[PDB]
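Below is one structure, written out as structure tokens; comments come after it.
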Amino acid sequence: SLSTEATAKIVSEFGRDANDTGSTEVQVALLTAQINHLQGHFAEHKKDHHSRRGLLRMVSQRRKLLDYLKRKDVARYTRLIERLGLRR
Amino acid sequence: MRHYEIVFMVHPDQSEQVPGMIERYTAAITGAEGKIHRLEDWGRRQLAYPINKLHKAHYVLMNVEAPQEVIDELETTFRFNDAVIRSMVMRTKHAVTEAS
Amino acid sequence: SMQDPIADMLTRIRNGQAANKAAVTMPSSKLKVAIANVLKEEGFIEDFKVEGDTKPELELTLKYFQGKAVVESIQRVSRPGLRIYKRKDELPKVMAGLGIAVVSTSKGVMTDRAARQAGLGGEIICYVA
Amino acid sequence: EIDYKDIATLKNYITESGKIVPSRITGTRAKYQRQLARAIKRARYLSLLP
RNA sequence: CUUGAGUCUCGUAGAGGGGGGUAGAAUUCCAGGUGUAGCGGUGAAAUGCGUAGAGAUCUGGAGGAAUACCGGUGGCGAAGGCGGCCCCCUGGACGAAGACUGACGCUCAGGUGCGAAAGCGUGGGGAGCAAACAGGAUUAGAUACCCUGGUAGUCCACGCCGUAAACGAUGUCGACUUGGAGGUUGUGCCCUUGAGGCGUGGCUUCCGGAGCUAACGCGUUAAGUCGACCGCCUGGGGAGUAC
């Protein structure tokens, strides 16, 4: 649902260059933008459950990517979890 | 911002205020950053079933391109107005402007 | 394959033999090539050949005496879930010596006869027969 | 390719009472069937047909 | 490292979901006339309506339920399950090339969440129906069956329940192994006519080979050949019962 322009902005603003779509920082930033917006969605309706499932996939996959960063490179991970505001 | 297709019937009883209503709504949309890509009228055709105790209706379809939001107040007015009993608003899935 | 690529290669061999296929292929590893060496030097296959640089592919060539495949069984023994290691005095005879066990010794991957000769055991890869 | 507004190719897909003809006797490819039926339903509720 | 997994770019199909209004068919009474000997039903009456105007007609209303055709050998969804039209929000899937990451994976006890129907609780709603209950006759006696009304419920909001033959009675994931007949949805080449002719994917229905199976059968969507992890079984009854 998240617009193409927003994905381009995020890929730029967390990517190591332009069109590095697939690095963990890029992946996590897209997932966190989507989490925030959907949490906007489900605030108003709490009784959508088939869509909320896709949101649990987003959250779970984002935890898995963040755990991969922490294991691989701690420095980029710690820069990210606040440079994007995470592990609150 | 993607295509719509407004269709609304103005009854012969309601045919009194056709231009006023059409132009007021077109002005509202244009001020709402919405530009008409096409417009046509299908006259006053015949109604298969006597809807609302009547057999005639002047079918005007206006089909503008509009943002997400500016359409809600239009249907709000349609519900609050007796000019048209049913104005149904449409989508595109694509880019079409020509009429037929 | 996903977790045991060596049972993948044996499954391919026995499935292609029961399918009367002339050659099977699979993504190569260096231990796949080692076991393939053992087999083709024991006369269980004709040949193999690894092509590709970033994606090598191991090209086993199956072997039929007439219309019957040379391998009757080929079973994975040590798997992820049971690793099997034998001391050289307890290396297994497979079908009373008529079939091999390929073991992984610390001097490489050899047959069972070769290992009990050179006096060193190791991890039992499979039973061929 | 085909939509609701052209009432021409709808009367052939309908009866007098307004029942959509099954594709079992027309030949429709089962994608044009869904779109076609949506067209008749829109038109009925837009009141070209009962 | 790039083959698994993912991110990206672009399109396709869909009863996937939550909302928001939306319209008719049918539905009963009233609002009136039109009409007077009927309405009603079973094993049979009868019970209940009606001559106080009863049904039906058209007329408007009221209000709720549900969306006949399409409709399917269809589809989507993890499963439960999802079907009028239209908008808003939303989920997932798939296909084509390309880019990016760089094993980021699979499975999962515990845990967490969803979960038909009935039911419960709290407020409403109640057009039809319908356990209970209320008339008649039963039948060997009738608290048979039945028909006549009929309340909970059914519907909505929130909370609880957490169960089904919740079933493909078939855990999840990956790989490999002959065919034939279809359906649905993409897409490439060439007919640059719409299909087309030839590919090529995804889903899906049915035959059947080897194999497997006790047999029935399954059979590339395996119940074949394997690998990873989980759940489970251990004679029938007692009993999914007691504590």
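Naming works like this for the structure tokens: A, B, ... for the chains as they're shown, residue 1 at the start of each chain, ligands 1 onward in shown order.
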Q | Polymer residues at most 12 Å from residue 56 in chain E, only C-alpha atoms (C1' of nucleotides), same-chain spacing of 5 or more positions, as a PyMOL selection string | A | chain E and resi 34-35+39
**Q.** Residues within 12 Å of residue 41 in chain D, only C-alpha atoms (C1' of nucleotides), excluding chain neighbours under 5 positions, as a VMD selection string
**A.** (chain D and resid 3 to 5 10 13 to 14 18 to 20 34 to 36 46 to 50) or (chain E and resid 23 to 24 69 to 70 84 to 86)
Q. Can you list, as a ChimeraX atom specification, every protein, DNA or RNA residue that comes within 12 Å of residue 149 in chain E when you count only C-alpha atoms (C1' of nucleotides), leaving out same-chain residues fewer than 3 positions away?
A. /E:47-49,130,133-135
How would the residues just chosen look if you wrote them out with C-alpha atoms (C1' of nucleotides) as a PDB file, in the first residue's frame?
```
ATOM      1  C1'   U E  47     -56.768 -26.319  17.120  1.00  0.00           C
ATOM      2  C1'   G E  48     -56.560 -21.545  15.806  1.00  0.00           C
ATOM      3  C1'   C E  49     -58.703 -17.066  11.989  1.00  0.00           C
ATOM      4  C1'   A E 130     -38.291 -21.493  15.968  1.00  0.00           C
ATOM      5  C1'   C E 133     -44.139 -23.541  26.141  1.00  0.00           C
ATOM      6  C1'   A E 134     -49.029 -23.156  25.307  1.00  0.00           C
ATOM      7  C1'   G E 135     -55.021 -26.087  21.991  1.00  0.00           C
TER       8        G E 135
END
```
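Remark: for chain E, the closest of the candidate residues D:27, D:32, D:16, D:21 is D:21 (distances computed over only C-alpha atoms (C1' of nucleotides)).
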Q: Looking only at helix (DSSP H, G or I) from DSSP on the backbone, list the matching residues of range 44-93 of chain B as JSON, numbers by chain.
A: {"B": [51, 52, 53, 72, 73, 74, 75, 76, 77, 78, 79, 80]}
Based on the selection just made, write N, CA and C atoms of those residues as an mmCIF file, in the first residue's frame.
```
data_model
loop_
_atom_site.group_PDB
_atom_site.id
_atom_site.type_symbol
_atom_site.label_atom_id
_atom_site.label_comp_id
_atom_site.auth_asym_id
_atom_site.auth_seq_id
_atom_site.Cartn_x
_atom_site.Cartn_y
_atom_site.Cartn_z
ATOM 1 N N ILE B 51 -39.014 3.752 -11.044
ATOM 2 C CA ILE B 51 -38.266 4.141 -9.858
ATOM 3 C C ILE B 51 -38.815 5.454 -9.315
ATOM 4 N N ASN B 52 -39.108 5.471 -8.015
ATOM 5 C CA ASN B 52 -39.633 6.654 -7.330
ATOM 6 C C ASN B 52 -40.849 7.230 -8.046
ATOM 7 N N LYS B 53 -41.745 6.342 -8.477
ATOM 8 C CA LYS B 53 -43.025 6.732 -9.067
ATOM 9 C C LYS B 53 -42.827 7.619 -10.295
ATOM 10 N N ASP B 72 -15.860 12.611 -1.258
ATOM 11 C CA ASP B 72 -16.747 12.261 -0.152
ATOM 12 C C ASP B 72 -17.813 13.329 0.074
ATOM 13 N N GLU B 73 -17.419 14.603 0.063
ATOM 14 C CA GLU B 73 -18.397 15.667 0.263
ATOM 15 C C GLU B 73 -19.401 15.724 -0.880
ATOM 16 N N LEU B 74 -18.997 15.305 -2.078
ATOM 17 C CA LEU B 74 -19.921 15.298 -3.205
ATOM 18 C C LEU B 74 -21.052 14.304 -2.981
ATOM 19 N N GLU B 75 -20.717 13.072 -2.594
ATOM 20 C CA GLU B 75 -21.764 12.103 -2.300
ATOM 21 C C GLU B 75 -22.536 12.495 -1.050
ATOM 22 N N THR B 76 -21.885 13.195 -0.120
ATOM 23 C CA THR B 76 -22.601 13.732 1.029
ATOM 24 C C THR B 76 -23.691 14.697 0.584
ATOM 25 N N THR B 77 -23.352 15.600 -0.335
ATOM 26 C CA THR B 77 -24.344 16.517 -0.882
ATOM 27 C C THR B 77 -25.434 15.760 -1.626
ATOM 28 N N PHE B 78 -25.046 14.768 -2.431
ATOM 29 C CA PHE B 78 -26.033 14.001 -3.186
ATOM 30 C C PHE B 78 -27.038 13.335 -2.258
ATOM 31 N N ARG B 79 -26.559 12.744 -1.163
ATOM 32 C CA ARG B 79 -27.473 12.191 -0.172
ATOM 33 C C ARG B 79 -28.326 13.285 0.452
ATOM 34 N N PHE B 80 -27.733 14.448 0.707
ATOM 35 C CA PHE B 80 -28.466 15.548 1.319
ATOM 36 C C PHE B 80 -29.279 16.353 0.317
#
```
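Between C1' of residue 95 in chain E and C1' of residue 187 in chain E there is a distance of 6.2 Å.
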Please identify all polymer residues within 12 Å of range 15-21 of chain C, counting only C-alpha atoms (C1' of nucleotides), omitting same-chain residues fewer than 4 positions from it, and present them as a PDB file with N, CA and C atoms (P, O5', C5', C4', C3', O3' and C1' of nucleotides), in the first residue's frame.
```pdb
ATOM      1  N   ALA C   7      22.152 -36.684   1.259  1.00  0.00           N
ATOM      2  CA  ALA C   7      21.001 -37.533   0.993  1.00  0.00           C
ATOM      3  C   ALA C   7      20.256 -37.080  -0.249  1.00  0.00           C
ATOM      4  N   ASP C   8      20.365 -35.816  -0.610  1.00  0.00           N
ATOM      5  CA  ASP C   8      19.853 -35.367  -1.889  1.00  0.00           C
ATOM      6  C   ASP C   8      20.530 -36.066  -3.054  1.00  0.00           C
ATOM      7  N   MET C   9      21.852 -36.136  -3.037  1.00  0.00           N
ATOM      8  CA  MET C   9      22.571 -36.752  -4.137  1.00  0.00           C
ATOM      9  C   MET C   9      22.287 -38.244  -4.225  1.00  0.00           C
ATOM     10  N   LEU C  10      22.200 -38.929  -3.085  1.00  0.00           N
ATOM     11  CA  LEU C  10      21.869 -40.345  -3.104  1.00  0.00           C
ATOM     12  C   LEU C  10      20.439 -40.568  -3.536  1.00  0.00           C
ATOM     13  N   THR C  11      19.536 -39.683  -3.145  1.00  0.00           N
ATOM     14  CA  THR C  11      18.160 -39.806  -3.574  1.00  0.00           C
ATOM     15  C   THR C  11      18.062 -39.622  -5.063  1.00  0.00           C
ATOM     16  N   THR C  25      21.915 -34.994 -12.570  1.00  0.00           N
ATOM     17  CA  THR C  25      22.656 -33.785 -12.269  1.00  0.00           C
ATOM     18  C   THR C  25      22.207 -33.277 -10.915  1.00  0.00           C
ATOM     19  N   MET C  26      23.070 -32.508 -10.272  1.00  0.00           N
ATOM     20  CA  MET C  26      22.730 -31.850  -9.023  1.00  0.00           C
ATOM     21  C   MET C  26      23.733 -30.746  -8.780  1.00  0.00           C
ATOM     22  N   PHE C  44      30.450 -48.258  -9.618  1.00  0.00           N
ATOM     23  CA  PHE C  44      29.025 -48.086  -9.402  1.00  0.00           C
ATOM     24  C   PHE C  44      28.410 -47.083 -10.362  1.00  0.00           C
ATOM     25  N   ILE C  45      29.212 -46.185 -10.928  1.00  0.00           N
ATOM     26  CA  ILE C  45      28.779 -45.304 -11.995  1.00  0.00           C
ATOM     27  C   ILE C  45      29.840 -45.325 -13.081  1.00  0.00           C
ATOM     28  N   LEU C  60      26.539 -36.791 -12.822  1.00  0.00           N
ATOM     29  CA  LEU C  60      26.783 -38.208 -12.659  1.00  0.00           C
ATOM     30  C   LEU C  60      26.230 -38.954 -13.854  1.00  0.00           C
ATOM     31  N   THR C  61      26.842 -40.085 -14.168  1.00  0.00           N
ATOM     32  CA  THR C  61      26.427 -40.910 -15.292  1.00  0.00           C
ATOM     33  C   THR C  61      26.121 -42.304 -14.784  1.00  0.00           C
ATOM     34  N   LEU C  62      24.861 -42.698 -14.869  1.00  0.00           N
ATOM     35  CA  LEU C  62      24.413 -43.928 -14.250  1.00  0.00           C
ATOM     36  C   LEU C  62      24.777 -45.123 -15.121  1.00  0.00           C
ATOM     37  N   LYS C  63      24.641 -46.313 -14.554  1.00  0.00           N
ATOM     38  CA  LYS C  63      25.253 -47.497 -15.134  1.00  0.00           C
ATOM     39  C   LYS C  63      24.330 -48.689 -14.952  1.00  0.00           C
ATOM     40  N   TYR C  64      23.957 -49.315 -16.072  1.00  0.00           N
ATOM     41  CA  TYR C  64      23.014 -50.464 -16.086  1.00  0.00           C
ATOM     42  C   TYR C  64      23.717 -51.697 -16.646  1.00  0.00           C
ATOM     43  N   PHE C  65      23.672 -52.815 -15.921  1.00  0.00           N
ATOM     44  CA  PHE C  65      24.359 -54.029 -16.425  1.00  0.00           C
ATOM     45  C   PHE C  65      23.704 -54.441 -17.748  1.00  0.00           C
ATOM     46  N   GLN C  66      22.369 -54.480 -17.768  1.00  0.00           N
ATOM     47  CA  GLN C  66      21.594 -54.722 -19.012  1.00  0.00           C
ATOM     48  C   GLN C  66      20.447 -53.713 -19.011  1.00  0.00           C
ATOM     49  N   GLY C  67      19.356 -54.086 -18.341  1.00  0.00           N
ATOM     50  CA  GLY C  67      18.188 -53.212 -18.129  1.00  0.00           C
ATOM     51  C   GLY C  67      18.003 -52.947 -16.644  1.00  0.00           C
ATOM     52  N   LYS C  68      18.926 -53.468 -15.827  1.00  0.00           N
ATOM     53  CA  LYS C  68      18.888 -53.351 -14.349  1.00  0.00           C
ATOM     54  C   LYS C  68      20.035 -52.444 -13.902  1.00  0.00           C
ATOM     55  N   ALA C  69      19.731 -51.460 -13.050  1.00  0.00           N
ATOM     56  CA  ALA C  69      20.734 -50.506 -12.529  1.00  0.00           C
ATOM     57  C   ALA C  69      21.739 -51.256 -11.651  1.00  0.00           C
ATOM     58  N   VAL C  70      23.000 -50.815 -11.679  1.00  0.00           N
ATOM     59  CA  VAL C  70      24.122 -51.385 -10.936  1.00  0.00           C
ATOM     60  C   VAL C  70      23.931 -51.225  -9.437  1.00  0.00           C
ATOM     61  N   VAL C  71      23.410 -50.088  -8.999  1.00  0.00           N
ATOM     62  CA  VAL C  71      23.137 -49.891  -7.583  1.00  0.00           C
ATOM     63  C   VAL C  71      21.790 -50.520  -7.255  1.00  0.00           C
ATOM     64  N   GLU C  72      21.779 -51.456  -6.309  1.00  0.00           N
ATOM     65  CA  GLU C  72      20.505 -51.847  -5.718  1.00  0.00           C
ATOM     66  C   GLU C  72      20.091 -50.882  -4.620  1.00  0.00           C
ATOM     67  N   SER C  73      20.868 -50.793  -3.556  1.00  0.00           N
ATOM     68  CA  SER C  73      20.572 -49.808  -2.537  1.00  0.00           C
ATOM     69  C   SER C  73      21.644 -48.739  -2.563  1.00  0.00           C
ATOM     70  N   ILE C  74      21.262 -47.548  -2.135  1.00  0.00           N
ATOM     71  CA  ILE C  74      22.227 -46.562  -1.697  1.00  0.00           C
ATOM     72  C   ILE C  74      21.523 -45.764  -0.621  1.00  0.00           C
ATOM     73  N   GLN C  75      21.943 -45.936   0.616  1.00  0.00           N
ATOM     74  CA  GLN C  75      21.243 -45.379   1.753  1.00  0.00           C
ATOM     75  C   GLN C  75      22.177 -44.443   2.497  1.00  0.00           C
TER      76      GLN C  75
ATOM     77  P     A E 175      12.034 -27.544  -3.817  1.00  0.00           P
ATOM     78  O5'   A E 175      12.938 -28.634  -4.523  1.00  0.00           O
ATOM     79  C5'   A E 175      14.324 -28.675  -4.258  1.00  0.00           C
ATOM     80  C4'   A E 175      14.884 -30.071  -4.258  1.00  0.00           C
ATOM     81  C3'   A E 175      14.416 -31.002  -5.337  1.00  0.00           C
ATOM     82  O3'   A E 175      15.014 -30.717  -6.578  1.00  0.00           O
ATOM     83  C1'   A E 175      14.500 -32.163  -3.314  1.00  0.00           C
ATOM     84  P     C E 176      14.211 -30.935  -7.932  1.00  0.00           P
ATOM     85  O5'   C E 176      14.237 -32.488  -8.128  1.00  0.00           O
ATOM     86  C5'   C E 176      15.442 -33.168  -8.387  1.00  0.00           C
ATOM     87  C4'   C E 176      15.267 -34.641  -8.187  1.00  0.00           C
ATOM     88  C3'   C E 176      14.280 -35.315  -9.104  1.00  0.00           C
ATOM     89  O3'   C E 176      14.828 -35.580 -10.365  1.00  0.00           O
ATOM     90  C1'   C E 176      13.892 -36.018  -6.929  1.00  0.00           C
ATOM     91  P     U E 177      13.908 -35.693 -11.654  1.00  0.00           P
ATOM     92  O5'   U E 177      13.039 -37.008 -11.428  1.00  0.00           O
ATOM     93  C5'   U E 177      13.547 -38.291 -11.749  1.00  0.00           C
ATOM     94  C4'   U E 177      12.520 -39.378 -11.577  1.00  0.00           C
ATOM     95  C3'   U E 177      11.225 -39.241 -12.357  1.00  0.00           C
ATOM     96  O3'   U E 177      11.290 -39.681 -13.701  1.00  0.00           O
ATOM     97  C1'   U E 177      10.730 -39.729 -10.131  1.00  0.00           C
ATOM     98  P     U E 178      11.313 -38.644 -14.918  1.00  0.00           P
ATOM     99  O5'   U E 178       9.808 -38.333 -15.325  1.00  0.00           O
ATOM    100  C5'   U E 178       8.718 -39.167 -14.988  1.00  0.00           C
ATOM    101  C4'   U E 178       8.444 -40.195 -16.039  1.00  0.00           C
ATOM    102  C3'   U E 178       7.581 -39.814 -17.222  1.00  0.00           C
ATOM    103  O3'   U E 178       8.207 -38.992 -18.180  1.00  0.00           O
ATOM    104  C1'   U E 178       6.956 -41.929 -16.460  1.00  0.00           C
ATOM    105  P     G E 209      -2.262 -48.251 -13.628  1.00  0.00           P
ATOM    106  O5'   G E 209      -0.754 -47.864 -13.927  1.00  0.00           O
ATOM    107  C5'   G E 209      -0.203 -48.189 -15.190  1.00  0.00           C
ATOM    108  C4'   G E 209       1.193 -47.666 -15.399  1.00  0.00           C
ATOM    109  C3'   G E 209       2.212 -47.986 -14.338  1.00  0.00           C
ATOM    110  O3'   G E 209       2.670 -49.311 -14.378  1.00  0.00           O
ATOM    111  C1'   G E 209       2.460 -45.756 -15.016  1.00  0.00           C
ATOM    112  P     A E 210       2.519 -50.218 -13.079  1.00  0.00           P
ATOM    113  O5'   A E 210       3.981 -50.273 -12.474  1.00  0.00           O
ATOM    114  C5'   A E 210       5.115 -50.335 -13.316  1.00  0.00           C
ATOM    115  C4'   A E 210       6.229 -49.473 -12.793  1.00  0.00           C
ATOM    116  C3'   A E 210       6.562 -49.637 -11.326  1.00  0.00           C
ATOM    117  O3'   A E 210       7.422 -50.728 -11.091  1.00  0.00           O
ATOM    118  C1'   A E 210       6.390 -47.360 -11.844  1.00  0.00           C
ATOM    119  P     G E 211       7.172 -51.697  -9.856  1.00  0.00           P
ATOM    120  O5'   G E 211       7.189 -50.732  -8.601  1.00  0.00           O
ATOM    121  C5'   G E 211       8.398 -50.203  -8.088  1.00  0.00           C
ATOM    122  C4'   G E 211       8.135 -49.044  -7.176  1.00  0.00           C
ATOM    123  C3'   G E 211       7.339 -49.340  -5.919  1.00  0.00           C
ATOM    124  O3'   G E 211       8.107 -49.910  -4.881  1.00  0.00           O
ATOM    125  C1'   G E 211       6.452 -47.450  -6.963  1.00  0.00           C
ATOM    126  P     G E 224       4.118 -42.904   0.230  1.00  0.00           P
ATOM    127  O5'   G E 224       4.854 -43.191  -1.131  1.00  0.00           O
ATOM    128  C5'   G E 224       4.845 -44.485  -1.690  1.00  0.00           C
ATOM    129  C4'   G E 224       5.785 -44.599  -2.850  1.00  0.00           C
ATOM    130  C3'   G E 224       7.249 -44.347  -2.556  1.00  0.00           C
ATOM    131  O3'   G E 224       7.919 -45.509  -2.118  1.00  0.00           O
ATOM    132  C1'   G E 224       6.603 -43.054  -4.387  1.00  0.00           C
ATOM    133  P     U E 225       8.865 -45.481  -0.851  1.00  0.00           P
ATOM    134  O5'   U E 225      10.352 -45.530  -1.403  1.00  0.00           O
ATOM    135  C5'   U E 225      10.677 -45.384  -2.772  1.00  0.00           C
ATOM    136  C4'   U E 225      11.767 -44.370  -2.989  1.00  0.00           C
ATOM    137  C3'   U E 225      12.476 -43.837  -1.760  1.00  0.00           C
ATOM    138  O3'   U E 225      13.454 -44.720  -1.283  1.00  0.00           O
ATOM    139  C1'   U E 225      11.999 -42.066  -3.249  1.00  0.00           C
ATOM    140  P     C E 226      13.895 -44.711   0.240  1.00  0.00           P
ATOM    141  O5'   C E 226      14.606 -43.311   0.418  1.00  0.00           O
ATOM    142  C5'   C E 226      14.662 -42.580   1.626  1.00  0.00           C
ATOM    143  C4'   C E 226      15.180 -41.208   1.316  1.00  0.00           C
ATOM    144  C3'   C E 226      15.280 -40.217   2.444  1.00  0.00           C
ATOM    145  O3'   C E 226      16.403 -40.444   3.267  1.00  0.00           O
ATOM    146  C1'   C E 226      14.396 -39.153   0.530  1.00  0.00           C
TER     147        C E 226
END
```
Q) Within 10 Å of residue 92 in chain E, counting only C-alpha atoms (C1' of nucleotides), which residues qualify if same-chain residues fewer than 6 places away don't, as a VMD selection string? A) (chain A and resid 50 to 51 53 to 54) or (chain E and resid 16 76 to 77)
Take the residues from that selection and put them in a file with N, CA, C and O atoms (P, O5', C5', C4', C3', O3' and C1' of nucleotides), as a PDB file, in the first residue's frame.
```
ATOM      1  N   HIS A  50      -7.939 -10.217   9.218  1.00  0.00           N
ATOM      2  CA  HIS A  50      -7.242 -10.779   8.082  1.00  0.00           C
ATOM      3  C   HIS A  50      -6.147  -9.864   7.592  1.00  0.00           C
ATOM      4  O   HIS A  50      -5.127 -10.341   7.096  1.00  0.00           O
ATOM      5  N   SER A  51      -6.338  -8.566   7.717  1.00  0.00           N
ATOM      6  CA  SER A  51      -5.270  -7.649   7.391  1.00  0.00           C
ATOM      7  C   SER A  51      -4.223  -7.593   8.486  1.00  0.00           C
ATOM      8  O   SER A  51      -3.033  -7.490   8.183  1.00  0.00           O
ATOM      9  N   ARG A  53      -2.994  -9.832  10.170  1.00  0.00           N
ATOM     10  CA  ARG A  53      -2.070 -10.934   9.936  1.00  0.00           C
ATOM     11  C   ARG A  53      -0.886 -10.512   9.071  1.00  0.00           C
ATOM     12  O   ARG A  53       0.271 -10.835   9.378  1.00  0.00           O
ATOM     13  N   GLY A  54      -1.148  -9.780   7.987  1.00  0.00           N
ATOM     14  CA  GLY A  54      -0.057  -9.249   7.190  1.00  0.00           C
ATOM     15  C   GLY A  54       0.838  -8.330   7.986  1.00  0.00           C
ATOM     16  O   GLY A  54       2.047  -8.265   7.751  1.00  0.00           O
TER      17      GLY A  54
ATOM     18  P     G E  16     -12.747 -12.056  -2.942  1.00  0.00           P
ATOM     19  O5'   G E  16     -12.185 -12.124  -1.481  1.00  0.00           O
ATOM     20  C5'   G E  16     -12.222 -13.333  -0.768  1.00  0.00           C
ATOM     21  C4'   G E  16     -11.438 -13.214   0.499  1.00  0.00           C
ATOM     22  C3'   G E  16     -11.899 -12.162   1.466  1.00  0.00           C
ATOM     23  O3'   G E  16     -13.069 -12.533   2.158  1.00  0.00           O
ATOM     24  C1'   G E  16      -9.580 -12.038   1.278  1.00  0.00           C
ATOM     25  P     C E  76      -7.649 -18.373  -6.711  1.00  0.00           P
ATOM     26  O5'   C E  76      -7.777 -17.519  -5.384  1.00  0.00           O
ATOM     27  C5'   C E  76      -7.660 -16.113  -5.430  1.00  0.00           C
ATOM     28  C4'   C E  76      -8.200 -15.475  -4.185  1.00  0.00           C
ATOM     29  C3'   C E  76      -7.648 -15.951  -2.864  1.00  0.00           C
ATOM     30  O3'   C E  76      -6.354 -15.491  -2.588  1.00  0.00           O
ATOM     31  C1'   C E  76      -9.944 -15.784  -2.674  1.00  0.00           C
ATOM     32  P     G E  77      -5.351 -16.449  -1.815  1.00  0.00           P
ATOM     33  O5'   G E  77      -5.961 -16.511  -0.359  1.00  0.00           O
ATOM     34  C5'   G E  77      -5.967 -15.360   0.451  1.00  0.00           C
ATOM     35  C4'   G E  77      -6.614 -15.627   1.780  1.00  0.00           C
ATOM     36  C3'   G E  77      -6.054 -16.779   2.580  1.00  0.00           C
ATOM     37  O3'   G E  77      -4.828 -16.489   3.225  1.00  0.00           O
ATOM     38  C1'   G E  77      -8.382 -16.909   2.597  1.00  0.00           C
TER      39        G E  77
END
```
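A straight line drawn from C1' of residue 172 in chain E to CA of residue 27 in chain A is 26.6 Å long.
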Q.
DSSP on the backbone, strand (DSSP E) only: what residues of range 42-125 of chain C does that give? Format it as a PyMOL selection string.
A. chain C and resi 50-51+57-61+74-76+85-86+101-105+108-110+122-125
Atoms to include: N, CA and C atoms. Write the selected residues as a short mmCIF file (atom, residue, chain, number, x, y, z; two decimals), in the first residue's frame.
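Final output, saved to again.cif:
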```
data_model
loop_
_atom_site.label_atom_id
_atom_site.label_comp_id
_atom_site.auth_asym_id
_atom_site.auth_seq_id
_atom_site.Cartn_x
_atom_site.Cartn_y
_atom_site.Cartn_z
N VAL C 50 32.10 -31.90 -13.40
CA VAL C 50 31.57 -30.71 -12.76
C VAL C 50 31.78 -29.52 -13.69
N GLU C 51 30.69 -28.96 -14.21
CA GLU C 51 30.77 -27.77 -15.04
C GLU C 51 30.13 -26.58 -14.35
N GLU C 57 27.95 -27.71 -11.56
CA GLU C 57 26.93 -28.75 -11.60
C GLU C 57 27.59 -30.09 -11.80
N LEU C 58 27.26 -31.04 -10.94
CA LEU C 58 27.87 -32.35 -10.97
C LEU C 58 27.00 -33.27 -11.82
N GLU C 59 27.62 -33.90 -12.80
CA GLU C 59 26.94 -34.64 -13.86
C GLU C 59 27.26 -36.11 -13.69
N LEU C 60 26.54 -36.79 -12.82
CA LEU C 60 26.78 -38.21 -12.66
C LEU C 60 26.23 -38.95 -13.85
N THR C 61 26.84 -40.09 -14.17
CA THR C 61 26.43 -40.91 -15.29
C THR C 61 26.12 -42.30 -14.78
N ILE C 74 21.26 -47.55 -2.13
CA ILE C 74 22.23 -46.56 -1.70
C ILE C 74 21.52 -45.76 -0.62
N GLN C 75 21.94 -45.94 0.62
CA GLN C 75 21.24 -45.38 1.75
C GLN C 75 22.18 -44.44 2.50
N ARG C 76 21.68 -43.26 2.85
CA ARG C 76 22.41 -42.37 3.73
C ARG C 76 22.47 -42.98 5.13
N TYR C 85 29.98 -42.27 13.46
CA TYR C 85 31.42 -42.39 13.43
C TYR C 85 31.77 -43.77 13.91
N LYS C 86 32.69 -44.41 13.23
CA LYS C 86 33.12 -45.74 13.62
C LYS C 86 34.62 -45.77 13.78
N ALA C 101 30.89 -49.41 1.97
CA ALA C 101 30.54 -48.25 2.77
C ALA C 101 31.54 -47.17 2.39
N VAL C 102 31.06 -45.99 2.06
CA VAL C 102 31.96 -44.86 1.90
C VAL C 102 32.05 -44.14 3.23
N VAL C 103 33.26 -44.04 3.76
CA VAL C 103 33.48 -43.39 5.03
C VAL C 103 34.26 -42.13 4.75
N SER C 104 34.17 -41.20 5.66
CA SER C 104 34.98 -40.00 5.61
C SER C 104 36.04 -40.20 6.68
N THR C 105 37.27 -40.38 6.26
CA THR C 105 38.39 -40.54 7.17
C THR C 105 39.11 -39.23 7.27
N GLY C 108 40.83 -38.12 4.07
CA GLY C 108 39.90 -38.05 2.96
C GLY C 108 38.73 -39.02 3.00
N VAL C 109 38.04 -39.06 1.88
CA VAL C 109 36.84 -39.87 1.70
C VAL C 109 37.23 -41.11 0.92
N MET C 110 37.10 -42.28 1.54
CA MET C 110 37.50 -43.51 0.89
C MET C 110 36.41 -44.54 1.09
N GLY C 122 36.16 -43.33 10.79
CA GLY C 122 35.68 -42.00 10.53
C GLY C 122 34.18 -42.01 10.41
N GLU C 123 33.67 -41.00 9.75
CA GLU C 123 32.24 -40.81 9.65
C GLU C 123 31.68 -41.61 8.48
N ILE C 124 30.66 -42.40 8.75
CA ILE C 124 30.07 -43.28 7.74
C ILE C 124 29.10 -42.48 6.88
N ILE C 125 29.44 -42.28 5.62
CA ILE C 125 28.61 -41.43 4.79
C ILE C 125 27.38 -42.19 4.30
#
```
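Those residues that approach range 82-94 of chain B to within 7 Å, counting only C-alpha atoms (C1' of nucleotides), are residues 3, 4, 5, 6, 7, 8, 9, 10 and 14 of chain B; 86 of chain E; same-chain residues fewer than 6 positions away are not listed.
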Do you have, as CSV, the list of residues of chain E lying at most 9 Å from chain B, each with its nearest atom pair and that distance in Å to one decimal, counting only C-alpha atoms (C1' of nucleotides) and ordered by chain then number?
```
residue,atom,partner,partner_atom,distance
E:22,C1',B:86,CA,8.7
E:86,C1',B:88,CA,6.4
E:87,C1',B:89,CA,7.3
E:88,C1',B:68,CA,8.4
```
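Shortest separation to residue 120 in chain C among C:99, C:91, C:12, C:77 occurs at residue C:91, atoms counted being only C-alpha atoms.
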Q: Find the residues near residue 52 in chain A: any atom within 10 Å, counting only C-alpha atoms (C1' of nucleotides), skip ones fewer than 2 places away on the same chain, and give them as an MDAnalysis selection string.
A: (chainID A and resid 38:39 41:42 46:50 54:58) or (chainID E and resid 17 90:91)
